[PDB]
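Here's the structure we're looking at; comments come further down.
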Amino acid sequence: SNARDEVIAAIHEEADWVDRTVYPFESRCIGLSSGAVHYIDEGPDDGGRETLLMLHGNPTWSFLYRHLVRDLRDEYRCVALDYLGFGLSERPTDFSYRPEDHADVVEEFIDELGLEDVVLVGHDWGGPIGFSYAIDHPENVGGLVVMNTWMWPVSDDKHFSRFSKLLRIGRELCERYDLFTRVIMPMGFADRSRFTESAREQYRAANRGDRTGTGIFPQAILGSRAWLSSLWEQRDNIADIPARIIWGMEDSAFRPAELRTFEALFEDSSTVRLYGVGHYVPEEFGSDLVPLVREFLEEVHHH
Amino acid sequence: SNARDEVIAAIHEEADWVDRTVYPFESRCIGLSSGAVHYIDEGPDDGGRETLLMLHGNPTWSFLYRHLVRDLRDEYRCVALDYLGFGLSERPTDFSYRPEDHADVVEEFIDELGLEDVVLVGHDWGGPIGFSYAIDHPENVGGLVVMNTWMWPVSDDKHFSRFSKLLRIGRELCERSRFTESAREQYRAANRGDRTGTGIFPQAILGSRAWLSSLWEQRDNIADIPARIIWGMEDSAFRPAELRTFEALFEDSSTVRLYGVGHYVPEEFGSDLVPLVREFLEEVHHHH
Amino acid sequence: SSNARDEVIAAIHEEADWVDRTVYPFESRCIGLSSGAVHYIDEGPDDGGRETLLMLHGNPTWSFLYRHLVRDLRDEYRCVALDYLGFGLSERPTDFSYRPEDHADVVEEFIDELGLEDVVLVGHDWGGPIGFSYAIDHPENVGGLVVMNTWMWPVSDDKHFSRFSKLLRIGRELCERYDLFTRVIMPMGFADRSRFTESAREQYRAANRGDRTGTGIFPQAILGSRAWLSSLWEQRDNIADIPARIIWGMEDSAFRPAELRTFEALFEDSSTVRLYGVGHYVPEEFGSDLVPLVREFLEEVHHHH
Amino acid sequence: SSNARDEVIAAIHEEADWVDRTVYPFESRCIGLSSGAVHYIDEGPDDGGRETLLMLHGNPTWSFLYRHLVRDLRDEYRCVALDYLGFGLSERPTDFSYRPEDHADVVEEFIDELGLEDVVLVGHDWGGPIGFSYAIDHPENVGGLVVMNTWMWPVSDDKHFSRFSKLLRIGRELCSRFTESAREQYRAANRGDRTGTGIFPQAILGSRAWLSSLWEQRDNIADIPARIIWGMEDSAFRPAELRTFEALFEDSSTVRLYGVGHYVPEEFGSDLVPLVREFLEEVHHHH
């Protein structure tokens, strides 16, 4: 537990850089076996009509989802997570920070909280990390929110390969200078004005200190190939789950050719094509995203 | 009507340049409403264990499939179609050469010959053209062979957008060359003529967004049909990104990833392709 | 010369049965210029209009391209529009060069034989250079410029125009045989393939049958006429203070916004209409929606005089 | 803050032994400007010379690029060349935007702290727009413009520039006609905080408003004497960009360098010096 308790201290002893005016939610912490994870649990006290778990990307953290948490806690249970190494979660010296292990921390999280019939919101790596539950616990999954992500090995697509290789080579400078927030995030947005300076301050401050996990994510694009293969080979386990697909059409990382792969998979899915929006859909579209979610959170409920 | 006789004459009065060592097939011509097509129909007298319809790309023609036809005609009936505008088919003044009109001529071809439970072999634009018949007549298709092609609207994809919007007359083959010089001439000799069809196809990638949507939005007509996907992994036109979309679609499918092979899988992999088909035909045959 | 004009006039009435006069109701008229008989329309008030317009077309287009302007601007303005030699219903003389630098001389001979004055020029495609090669040495007789997907400078160092010009240079003998210009080159100029109507497509295809030597020399001249195009560019200062309305199809693969920025730097007095979702053939693809963009200019020109 | 920048002044002497001072034989100088301390060349005669030249580099280049001009003109002309924040030996402050519109403000600050007078600007790549800004709003104090492979307009509808910005990268590395001796003298300073190298390719689109704020008021500049020197083999700044400058300026001269690519002051080297010095005398007759 002692790891959990020291993170609970840091939430008070150190984290006063947080802007609670936009991030008012309650910081909660649990000592999972891999380390102490920071998380948020907001909703009606009866648990709401449906429960949501929101899974993020590089170098993002739970602050990505604040627009959903503030607005859907009206009737739904928003649960939001920081992976180890990210946000205000623990930065353990001995964890792998591998995506194939974050997915095991995410399973351990879901099981210890005992979340049930859960709808998973997945951005970036949060997709694979979420699918690494819905592939093998599909009866405990109510539905999927799919945003700028993938579920297949890309090692023959020179698009993803050359980007992964480039960041693998440069990783030490990116971890030394935080070029992930300072450079890679700005190019994810389509509108240079929509990534606010207040957000920029928060994403930068949250990724200070050690940032090893931010560096391992782009390596894992290729380095985790076998785990991604193990997802894709069992894609059939997700094709009956309903999903809403919400996608930034100006994202150069995940093209419409990724969308067609998801749109081919699901036997029951709906697609929202956000033109003029890039990779960080929940940040760039913000409050405008919430009705696109709520429409799905009802459409699940009558089946 | 005489236009049918005119194309029949053109084969032997004029098209004496065809390499009848590697393309030994008996030439046949059929008078469809939109024009007289040239086609191959070679097989055993029985009608064979299967009937195969082979659809080419741009600017290829039925000479693309000579390796399959000569080796499968042992036991299977092989039919391969020159599109209007291409090969020794008529180059009609009247025709749009738009894919949605080729697809109708393809339905008209299949019905006028009465082919049954056919296996569709498709490359490049022969994909969407072939998938049309499998979208709307999935009762009469035995299976699909899916080489470097697609079945979705791409107008938001900068990669395909560039290729359509680029200034050209028409798609010449090449863009260390991957063909024998003999083959490259046997294509060059066919492009000498009314090149129109070779130029409409790259435009229609955007010009026919509606028609590609009219396939994509009813893809579940096809998803239960058995398909074998054979990919030139070195191609830049149809990436592995397009491959995963097919792997997601079909329930019963098998993927063969040909490393070192580029766009023109039937030319570059050649006579080594035949066993990959025989393996699939004798799998389809156990469903009837 | 009257025999050559009479041959064309007889061929209009006897052979141009193909013209859809429902959309082309204008009166066909003919001038026996020195190099050959051009075909033209001259439509407007029975007086000289509020302003006089001359509209110069591209390849393989002809004055039928300007039907939508004539139809809705002859209300107050003298709409003159012209078919080049080798194009539309004009004469196809066997000894003419069909060079763009020579079309600009025949346009000069045309203008001065009709005596047009304070002219406003509409230039599409090659019609730009052809008209700029009048405005650049008769600027005081020019009221203003309408600029649509065109240029006025040598491009021999730009790989974009070069390889297109060189590719057509090679294929020319086939494109002149089978008319791949209307059948293939024109369709890629549209951002909506449907907006090039089957009626217009038929009309252009019918108009450009027979000798089409001009259609295939035009793309060669993109490089072949570098000397003439240079002669314009070096004297651009004679156009720089004529007012210009620039209406540009942003989907055009031929003339990019990079070209457009060159005009915006040149003109001391200009304004730009950025037609997103419209390609090269602005007067086809934008149809009658073009007309207000013209009339807005003719009003605010006339404020000067 | 200036005295904390006296540490920045000293910080050179930790490592900059690596600089090839035999080809960069210049006295390093630095100013504690408000956005951050900048390193600059200011090499010239004690008499202040015939002209003052301000030389503004591109990305990921730095003031090493202009060493041929500085070396060969400083006998008679005051040569000033500046390292952008994030580049060369200039400070790499974490709080700075590294956006072009803000670099221009540091350049305006830099000029005013030195008090430079009727300056000729020399600009390559992003050093174009960054210089053109000061020529929009202080053209009294600009003596002339030297233009190499650059632009001054919003290109977010241009497919060519769009591709280059939207392509996934960390930052713009140079690329073979460099010496490895020169190539490494770039790559050396390209080590360390390289944030700015990755912002610039985005700002090609993300600063459309600032590029508009140049293009809309281009008429402030069209009467300034200009000489345009173009690397014709460059794929980034085509002849298509060149024509728009030949349209802009009245008093201007064009030099077209066939067989030269983007990095004109490298790939042409000391052979650039006569093309400039001709222009320096041509401008001097406007005093």
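Ordered as shown in the structure tokens, chains take letters A, B, and onward, while each chain numbers its residues from 1 and ligands are numbered from 1 in the order shown.
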Worksheet item: Given a cut-off of 12 Å, which residues of chain D touch chain A, counting only C-alpha atoms, written out as a PyMOL selection string?
Response: chain D and resi 92-99+156+162-173+190-209
Once you count only C-alpha atoms, what closest atom pair and distance in Å to one decimal does each residue of chain B within 12 Å of chain D have, with rows by chain and rising residue number, as a Markdown table?
```
| residue | atom | partner | partner_atom | distance |
| --- | --- | --- | --- | --- |
| B:158 | CA | D:163 | CA | 9.0 |
| B:159 | CA | D:163 | CA | 10.5 |
| B:161 | CA | D:159 | CA | 10.8 |
| B:162 | CA | D:159 | CA | 9.2 |
| B:165 | CA | D:159 | CA | 11.1 |
| B:166 | CA | D:159 | CA | 11.6 |
```
Worksheet item: What gap, in Å, lies between CA of residue 147 in chain D and CA of residue 134 in chain D?
Response: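 Computed distance, CA of residue 147 in chain D to CA of residue 134 in chain D, equals 14.2 Å.
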Discussion item. Taking only range 29-268 of chain A into account, list the residues labelled strand (DSSP E or B) by DSSP (computed from the backbone), as a ChimeraX atom specification.
Written reply: /A:29-32,35-42,51-55,77-81,118-123,141-147,243-248
Worksheet entry | Distance criterion (only C-alpha atoms): nearest to chain C out of B:127, B:99, B:207, B:92 |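 Of all the options, B:207 lies closest to chain C.
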Practice prompt. Considering only C-alpha atoms, extract the chain B residues located within 8 Å of chain C and return them as number ranges by chain.
Written response: B: 165-169, 193-196, 199-200, 203, 207
Requested write-out: N, CA, C and O atoms of the selected residues, as a PDB file, in the first residue's frame:
```pdb
ATOM      1  N   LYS B 165      -5.455  13.683 -59.201  1.00  0.00           N
ATOM      2  CA  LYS B 165      -5.412  15.088 -59.587  1.00  0.00           C
ATOM      3  C   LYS B 165      -4.165  15.435 -60.397  1.00  0.00           C
ATOM      4  O   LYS B 165      -4.132  16.488 -61.042  1.00  0.00           O
ATOM      5  N   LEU B 166      -3.152  14.571 -60.371  1.00  0.00           N
ATOM      6  CA  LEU B 166      -1.941  14.757 -61.164  1.00  0.00           C
ATOM      7  C   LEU B 166      -2.247  14.858 -62.657  1.00  0.00           C
ATOM      8  O   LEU B 166      -3.050  14.096 -63.201  1.00  0.00           O
ATOM      9  N   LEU B 167      -1.591  15.818 -63.313  1.00  0.00           N
ATOM     10  CA  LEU B 167      -1.782  16.067 -64.740  1.00  0.00           C
ATOM     11  C   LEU B 167      -1.220  14.918 -65.569  1.00  0.00           C
ATOM     12  O   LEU B 167      -0.044  14.565 -65.438  1.00  0.00           O
ATOM     13  N   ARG B 168      -2.057  14.338 -66.425  1.00  0.00           N
ATOM     14  CA  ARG B 168      -1.620  13.247 -67.284  1.00  0.00           C
ATOM     15  C   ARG B 168      -2.506  13.198 -68.519  1.00  0.00           C
ATOM     16  O   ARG B 168      -3.588  13.788 -68.552  1.00  0.00           O
ATOM     17  N   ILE B 169      -2.028  12.482 -69.537  1.00  0.00           N
ATOM     18  CA  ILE B 169      -2.932  11.859 -70.501  1.00  0.00           C
ATOM     19  C   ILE B 169      -3.593  10.635 -69.882  1.00  0.00           C
ATOM     20  O   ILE B 169      -4.815  10.584 -69.703  1.00  0.00           O
ATOM     21  N   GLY B 193      -3.276   3.273 -79.703  1.00  0.00           N
ATOM     22  CA  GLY B 193      -4.659   3.353 -80.136  1.00  0.00           C
ATOM     23  C   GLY B 193      -5.391   4.434 -79.354  1.00  0.00           C
ATOM     24  O   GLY B 193      -4.777   5.385 -78.875  1.00  0.00           O
ATOM     25  N   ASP B 194      -6.710   4.269 -79.238  1.00  0.00           N
ATOM     26  CA  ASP B 194      -7.520   5.197 -78.453  1.00  0.00           C
ATOM     27  C   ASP B 194      -7.276   4.983 -76.960  1.00  0.00           C
ATOM     28  O   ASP B 194      -7.968   4.191 -76.312  1.00  0.00           O
ATOM     29  N   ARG B 195      -6.290   5.691 -76.411  1.00  0.00           N
ATOM     30  CA  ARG B 195      -5.860   5.600 -75.015  1.00  0.00           C
ATOM     31  C   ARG B 195      -6.907   6.070 -73.996  1.00  0.00           C
ATOM     32  O   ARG B 195      -6.594   6.090 -72.798  1.00  0.00           O
ATOM     33  N   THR B 196      -8.108   6.464 -74.437  1.00  0.00           N
ATOM     34  CA  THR B 196      -9.075   7.149 -73.574  1.00  0.00           C
ATOM     35  C   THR B 196      -9.288   6.433 -72.241  1.00  0.00           C
ATOM     36  O   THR B 196      -9.219   7.057 -71.176  1.00  0.00           O
ATOM     37  N   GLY B 199      -7.069   6.991 -69.205  1.00  0.00           N
ATOM     38  CA  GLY B 199      -7.157   8.279 -68.543  1.00  0.00           C
ATOM     39  C   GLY B 199      -8.388   8.501 -67.686  1.00  0.00           C
ATOM     40  O   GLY B 199      -8.342   9.268 -66.720  1.00  0.00           O
ATOM     41  N   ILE B 200      -9.500   7.851 -68.032  1.00  0.00           N
ATOM     42  CA  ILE B 200     -10.709   7.972 -67.222  1.00  0.00           C
ATOM     43  C   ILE B 200     -10.544   7.266 -65.879  1.00  0.00           C
ATOM     44  O   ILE B 200     -10.951   7.796 -64.837  1.00  0.00           O
ATOM     45  N   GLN B 203      -9.048   9.287 -63.052  1.00  0.00           N
ATOM     46  CA  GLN B 203      -9.959  10.346 -62.626  1.00  0.00           C
ATOM     47  C   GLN B 203     -11.091   9.793 -61.768  1.00  0.00           C
ATOM     48  O   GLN B 203     -11.450  10.384 -60.744  1.00  0.00           O
ATOM     49  N   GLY B 207     -13.906  10.804 -59.309  1.00  0.00           N
ATOM     50  CA  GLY B 207     -15.134  11.049 -60.047  1.00  0.00           C
ATOM     51  C   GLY B 207     -16.276  10.111 -59.707  1.00  0.00           C
ATOM     52  O   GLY B 207     -17.438  10.454 -59.946  1.00  0.00           O
TER      53      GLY B 207
END
```
Practice prompt. Tell me, in Å to one decimal, how far CA of residue 155 in chain B is from CA of residue 204 in chain B.
Written response: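 Computed distance, CA of residue 155 in chain B to CA of residue 204 in chain B, equals 10.5 Å.
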Fill in: DSSP-assigned helix (DSSP H, G or I) among range 27-253 of chain A, expressed as a VMD selection string
chain A and resid 62 to 72 99 to 113 126 to 134 138 to 140 158 to 177 179 to 188 197 to 206 212 to 223 225 to 232 235 to 237
Discussion item. I'd like the interatomic distance between CA of residue 229 in chain C and CA of residue 133 in chain C, to a tenth of an Å.
Written reply: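 CA of residue 133 in chain C lies 9.0 Å from CA of residue 229 in chain C.
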Discussion item. Residues within 12 Å of residue 17 in chain C, please, as a list in words. Count only C-alpha atoms; anything in the same chain fewer than 3 positions from it doesn't count.
Written reply: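 The contact residues come out as residues 10, 11, 12, 13, 14, 20, 21, 89, 203, 206 and 207 of chain C.
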Keeping only C-alpha atoms, write the selected residues as a CSV table (one decimal), in the first residue's frame.
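Output below, filename out-v3.csv:
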```csv
chain,number,residue,atom,x,y,z
C,10,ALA,CA,-22.4,28.8,-95.7
C,11,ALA,CA,-20.7,26.1,-93.5
C,12,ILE,CA,-22.3,27.6,-90.4
C,13,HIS,CA,-25.9,27.4,-91.8
C,14,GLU,CA,-25.4,24.2,-93.9
C,20,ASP,CA,-27.7,23.4,-79.4
C,21,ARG,CA,-29.1,26.9,-80.1
C,89,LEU,CA,-16.8,27.2,-85.9
C,203,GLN,CA,-21.0,20.2,-77.7
C,206,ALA,CA,-18.8,17.9,-81.8
C,207,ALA,CA,-17.2,21.3,-82.2
```
Could you list, as a PDB file with C-alpha atoms, in the first residue's frame, every residue within 8 Å of range 134-148 of chain A, counting only C-alpha atoms and ignoring same-chain residues fewer than 6 positions away?
```pdb
ATOM      1  CA  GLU A 116     -19.134  -3.884 -15.072  1.00  0.00           C
ATOM      2  CA  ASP A 117     -20.755  -3.703 -18.530  1.00  0.00           C
ATOM      3  CA  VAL A 118     -18.208  -0.959 -19.117  1.00  0.00           C
ATOM      4  CA  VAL A 119     -18.016   1.364 -22.119  1.00  0.00           C
ATOM      5  CA  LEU A 120     -14.389   2.022 -23.076  1.00  0.00           C
ATOM      6  CA  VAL A 121     -13.258   5.362 -24.505  1.00  0.00           C
ATOM      7  CA  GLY A 122      -9.991   4.882 -26.355  1.00  0.00           C
ATOM      8  CA  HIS A 123      -7.647   7.441 -27.869  1.00  0.00           C
ATOM      9  CA  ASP A 124      -4.239   6.597 -29.393  1.00  0.00           C
ATOM     10  CA  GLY A 127      -7.380   1.904 -28.143  1.00  0.00           C
ATOM     11  CA  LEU A 231      -5.051  -8.496 -30.787  1.00  0.00           C
ATOM     12  CA  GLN A 234      -8.740 -12.188 -32.426  1.00  0.00           C
ATOM     13  CA  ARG A 235     -10.520  -9.081 -33.797  1.00  0.00           C
ATOM     14  CA  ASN A 237     -14.215 -11.037 -30.483  1.00  0.00           C
ATOM     15  CA  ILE A 238     -14.929  -7.292 -30.842  1.00  0.00           C
ATOM     16  CA  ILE A 241     -19.599  -5.048 -29.711  1.00  0.00           C
ATOM     17  CA  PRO A 242     -21.178  -1.716 -30.748  1.00  0.00           C
ATOM     18  CA  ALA A 243     -18.883   1.242 -31.295  1.00  0.00           C
ATOM     19  CA  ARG A 244     -18.974   4.942 -32.118  1.00  0.00           C
ATOM     20  CA  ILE A 245     -15.990   6.029 -34.223  1.00  0.00           C
ATOM     21  CA  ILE A 246     -15.002   9.691 -33.817  1.00  0.00           C
ATOM     22  CA  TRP A 247     -11.995  10.762 -35.825  1.00  0.00           C
ATOM     23  CA  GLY A 248      -9.939  13.845 -36.660  1.00  0.00           C
ATOM     24  CA  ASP A 251      -4.628  13.612 -38.388  1.00  0.00           C
ATOM     25  CA  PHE A 254      -4.015   7.801 -38.338  1.00  0.00           C
ATOM     26  CA  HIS A 279      -5.088  13.786 -33.606  1.00  0.00           C
ATOM     27  CA  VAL A 281      -9.862  14.988 -30.855  1.00  0.00           C
ATOM     28  CA  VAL A 293     -20.679  10.581 -26.790  1.00  0.00           C
ATOM     29  CA  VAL A 300     -26.320   1.212 -25.904  1.00  0.00           C
TER      30      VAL A 300
END
```
Practice prompt. Dump as a list in words the residues of chain C that approach chain D to within 6 Å, counting only C-alpha atoms.
Written response: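 Residues of chain C within 6 Å of chain D, counting only C-alpha atoms: residues 258, 262, 265 and 266 of chain C.
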Since we have the selection now, will you write its residues out, keeping C-alpha atoms, as a CSV table (one decimal), in the first residue's frame?
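Heads up, here's the output in part.csv:
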```
chain,number,residue,atom,x,y,z
C,258,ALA,CA,1.3,29.7,-56.6
C,262,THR,CA,2.0,36.3,-58.9
C,265,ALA,CA,1.7,40.9,-56.4
C,266,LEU,CA,1.6,42.4,-59.9
```
Discussion item. Show me, as a list in words, the residues of chain B whose atoms get within 8 Å of chain A, using only C-alpha atoms for the distance check.
Written reply: residues 152, 154, 156, 157, 233, 239, 240, 241, 242, 244, 245, 246, 248 and 249 of chain B
